[PDB]
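K.L.:
Quick check, what structure comes out for this input:
(3 chains, ligands or ions: 9)
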Amino acid sequence: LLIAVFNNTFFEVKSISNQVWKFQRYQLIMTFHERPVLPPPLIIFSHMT
Amino acid sequence: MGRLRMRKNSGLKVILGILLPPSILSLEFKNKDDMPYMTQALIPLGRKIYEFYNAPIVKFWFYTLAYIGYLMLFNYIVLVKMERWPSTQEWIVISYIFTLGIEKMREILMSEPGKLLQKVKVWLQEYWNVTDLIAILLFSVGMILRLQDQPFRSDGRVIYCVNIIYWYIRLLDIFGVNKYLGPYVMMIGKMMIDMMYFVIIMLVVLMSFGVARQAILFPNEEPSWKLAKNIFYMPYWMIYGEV
Amino acid sequence: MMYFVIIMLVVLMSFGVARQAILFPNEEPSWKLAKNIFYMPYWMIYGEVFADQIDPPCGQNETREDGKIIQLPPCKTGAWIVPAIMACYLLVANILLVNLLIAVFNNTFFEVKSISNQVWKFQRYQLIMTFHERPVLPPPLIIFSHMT
Ligand SMILES: CC(C)CCC[C@@H](C)[C@H]1CC[C@H]2[C@@H]3CC=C4C[C@@H](OC(=O)CCC(=O)O)CC[C@]4(C)[C@H]3CC[C@]12C
Ligand SMILES: CC(C)CCC[C@@H](C)[C@H]1CC[C@H]2[C@@H]3CC=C4C[C@@H](OC(=O)CCC(=O)O)CC[C@]4(C)[C@H]3CC[C@]12C
Ligand SMILES: CC(C)CCC[C@@H](C)[C@H]1CC[C@H]2[C@@H]3CC=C4C[C@@H](OC(=O)CCC(=O)O)CC[C@]4(C)[C@H]3CC[C@]12C
Ligand SMILES: CC(C)CCC[C@@H](C)[C@H]1CC[C@H]2[C@@H]3CC=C4C[C@@H](OC(=O)CCC(=O)O)CC[C@]4(C)[C@H]3CC[C@]12C
Ligand SMILES: CC(C)CCC[C@@H](C)[C@H]1CC[C@H]2[C@@H]3CC=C4C[C@@H](OC(=O)CCC(=O)O)CC[C@]4(C)[C@H]3CC[C@]12C
Ligand SMILES: CC(C)CCC[C@@H](C)[C@H]1CC[C@H]2[C@@H]3CC=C4C[C@@H](OC(=O)CCC(=O)O)CC[C@]4(C)[C@H]3CC[C@]12C
Ligand SMILES: CC(C)CCC[C@@H](C)[C@H]1CC[C@H]2[C@@H]3CC=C4C[C@@H](OC(=O)CCC(=O)O)CC[C@]4(C)[C@H]3CC[C@]12C
Ligand SMILES: CC(C)CCC[C@@H](C)[C@H]1CC[C@H]2[C@@H]3CC=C4C[C@@H](OC(=O)CCC(=O)O)CC[C@]4(C)[C@H]3CC[C@]12C
Ligand SMILES: CC(C)CCC[C@@H](C)[C@H]1CC[C@H]2[C@@H]3CC=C4C[C@@H](OC(=O)CCC(=O)O)CC[C@]4(C)[C@H]3CC[C@]12C
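P.N.:
Numbering: from 1, shown residues only, chains lettered A, B, ... in the order given. Ligands and ions are numbered 1, 2, ... in the order given. You can find the structure just below:
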């Protein structure tokens, strides 16, 4: 029955998930644009900068 | 892509640019005024280096490589035994946790509202930020317990293992960038609700059988918490091919 | 299946590393740790939970088969977490990634079936011309046609 409810709701969830991912591409891009260049293990230098 | 032409076999070129700095200058950069997206409005070599290292794709891959190296190190410090004092790899991991916490604090401070409680609320509206704060606090308490003597060191190791569970689950954040893996991950998150309702019905049927079996096969039993364990133990593994 | 294997690899390595790092505290650097990461969690997907090693009785005294009093090794710290995270791992893996792979196999079946039938009908020509251009004699006897 879990197989059945997974199968019969697959298409709507797949379309909504693809569209929500395409929407959240902007959030990912602006977040990574606002982050510092230096990685988390070396971000103390950019933080003191 | 930032100020970079590329758009052909993505990912690999910026990975070789990151690992090999003399691979950066061999790439076709975009013009000075082709599409200048800005926030507030030897020299060519330095300009190319600055344009490469400020691109969001380069920053993403360089974050991803740092996270992968950190996860490999935290594997090395949980698998191998640890002495009274942390090793170099454990110090690098502790530094990673402390700097990631400082980064999340800076993200809290540099947000939209004025009042600090509003900033805290709009930052905790994301679930991944809440789990990040929880995991950083757990790493802090585990490391505090680990820097003491026995038996607190083993408790700190246990908390380290639970944290490694969390950081593997957080590797899906990096997987969220790929065009096929990200929709797959949030698709899984959608089917979790149906799984929960399934778990509710399984819990009812499982507890019925387990209570019946334990109360029939063991008539003379004292009040002990092992009965509750025996309710759940064998019926749960009977679902996965072990009768 | 590859995307499914990627997600299974993440969850499998998480559980295996947690189990190995909890149940074996004092370990030297050896490649057997990496093997123990993958060994038992992978066979747990296919109906073998290794029921003797879920939660063995330890930290008590239990009589052996001959009746002699045998002292079990003491409890490892946090050893009770291994069955709980094993329960979570078995639930997530066997119930969610297998059924989700069933779902993505089912809902993409028709388009793939039509494209596969049409591509096979297209490649019939490639098969026919290839077998028309091959020699008569089989590969074990093709040296005669080759010297011909
Ligand atoms: C950018 C991403 C994709 C990869 C970056 C990670 C690796 C470069 C790191 C992660 C884990 C590291 C290993 C973790 C632990 C050790 C044990 C270490 O040996 C000791 O600590 C004991 C002997 C000594 O003191 O040298 C030698 C380095 C090594 C193999 C490290 C080598 C470098 C590794 C593979
Ligand atoms: C930025 C992070 C998240 C990943 C970057 C990868 C490398 C820069 C790191 C990962 C593992 C590190 C290694 C882990 C352990 C050791 C053993 C260490 O040996 C000693 O210190 C022995 C002498 C002593 O006991 O003090 C020397 C550094 C080294 C090779 C480290 C060098 C730097 C490595 C390769
Ligand atoms: C070793 C054992 C303990 C395995 C660990 C099991 C769980 C702690 C993991 C396994 C799979 C994980 C899930 C995989 C995918 C997602 C989607 C992802 O959520 C989103 O991307 C948000 C959008 C959405 O939920 O649709 C992160 C949460 C969630 C439910 C994860 C929650 C934590 C889960 C259940
Ligand atoms: C309906 C389904 C989806 C969920 C219901 C199953 C779980 C709620 C059960 C199944 C196995 C149970 C575990 C089986 C064994 C143990 C070990 C037990 O610790 C001990 O027995 C101490 C060590 C020892 O005495 O050997 C603590 C409870 C726990 C984690 C149990 C917690 C509850 C679990 C995870
Ligand atoms: C609707 C569903 C969720 C009902 C499920 C009920 C059971 C799972 C619970 C309800 C009452 C519980 C009992 C309440 C009290 C005790 C006494 C307790 O005894 C002790 O802790 C020893 C006392 C001491 O020496 O201090 C052992 C667990 C036990 C049997 C509990 C076992 C689990 C029980 C049966
Ligand atoms: C409601 C759904 C969605 C989630 C499932 C929740 C419960 C089914 C779980 C969560 C916490 C679990 C409890 C956590 C800890 C224990 C103590 C544990 O005690 C021992 O094992 C005593 C040690 C021994 O005598 O060996 C017995 C199982 C029990 C009651 C667990 C029974 C199953 C519980 C209630
Ligand atoms: C996520 C899923 C789809 C894939 C992940 C599982 C595999 C990558 C794992 C599971 C079982 C593993 C194998 C289990 C045992 C061995 C034997 C081992 O060789 C020995 O131990 C030497 C002989 C001996 O000492 O007995 C070498 C690694 C290998 C092949 C392992 C390689 C990696 C395997 C195939
Ligand atoms: C993001 C995912 C893919 C991370 C997975 C990481 C682990 C599977 C790797 C990363 C670093 C590896 C370790 C790096 C170095 C060593 C030392 C190595 O020691 C020796 O070979 C003995 C040295 C000698 O005597 O020559 C044994 C394997 C081990 C523990 C490795 C085991 C597997 C580890 C933990
Ligand atoms: C990425 C997906 C699509 C494919 C899966 C790839 C990896 C999960 C596999 C491929 C090669 C495997 C490795 C091949 C060989 C070994 C050596 C093996 O070493 C031993 O067994 C040592 C002998 C012993 O001590 O018994 C341990 C597992 C390991 C690291 C394997 C771990 C799993 C790996 C990394």
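K.L.:
Which residue is it, in chain B, that comes closest to ligand 2?
P.N.:
Residue of chain B nearest ligand 2, by C-beta to the nearest ligand atom: residue B:69 (2.9 Å). For the C-beta atoms, the positions are set from N, CA and C on the backbone; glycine is no exception.
K.L.:
what's the answer for chain A, then?
P.N.:
Closest approach between chain A and ligand 2, counting by C-beta to the nearest ligand atom: residue A:41, at 3.9 Å.
K.L.:
Could you pull up the contacting residues of that residue?
P.N.:
Going by C-beta atoms under 8 Å, 6 or more residues apart in numbering or on different chains, residue A:41 touches B:66, B:69, B:70, B:92, B:95, B:96, B:99.
K.L.:
Quick one: buried ones out of those?
P.N.:
Among the contacts of residue A:41, the ones that count as buried by 16 or more other C-beta atoms under 10 Å in any protein chain shown are B:66, B:70, B:92, B:95, B:96, B:99.
K.L.:
Not counting sequence-adjacent ones, nearest residue to residue B:151?
P.N.:
Among residues not flanking residue B:151 along the chain, residue C:77 sits closest, at 6.9 Å (C-beta to C-beta, 6 or more residues apart in numbering or on different chains).
K.L.:
Next, work out how far apart the one you found and residue C:23 are.
P.N.:
10 Å (C-beta to C-beta, to the nearest Å).
K.L.:
Then residue B:214?
P.N.:
Relative to residue C:23, and taking C-beta to C-beta, residue B:214 is found at 27 Å.
K.L.:
same deal with residue B:150?
P.N.:
Taking C-beta to C-beta, one finds residue B:150 at 18 Å from residue C:23.
K.L.:
so does the biggest helix by length in chain B get close to ligand 4?
P.N.:
What stands out as the longest helix in chain B, according to DSSP state H, is helix B:181-217. Yes. Counting by C-beta under 6 Å from any ligand atom, ligand 4 has neighbours in helix B:181-217: B:199, B:202, B:203, B:206.
K.L.:
quick one, what contacts the residue positioned nearest the centre of chain B?
P.N.:
Chain B has residue B:170 as the residue nearest its centroid, 2.4 Å off, counting by C-alpha atoms, centre = their mean. Counting by C-beta under 8 Å, 6+ apart, residue B:170 makes contact with B:128, B:131, B:132, B:135.
K.L.:
Drop anything exposed from the residues you listed.
P.N.:
By 16+ other C-beta under 10 Å, these give B:132, B:135 as buried.
K.L.:
how about stretch B:86-104: buried residues?
P.N.:
The neighbour-count check on stretch B:86-104 (16+ other C-beta under 10 Å) flags B:86, B:89-90, B:92-101, B:103 as buried.
K.L.:
Give me the phi and psi angles of residue B:19.
P.N.:
Backbone torsions of residue B:19, given as degrees, to the nearest 10, read phi -70, psi -40.
K.L.:
Give me the neighbour count for it.
P.N.:
10 (other C-beta atoms under 10 Å in any protein chain shown).
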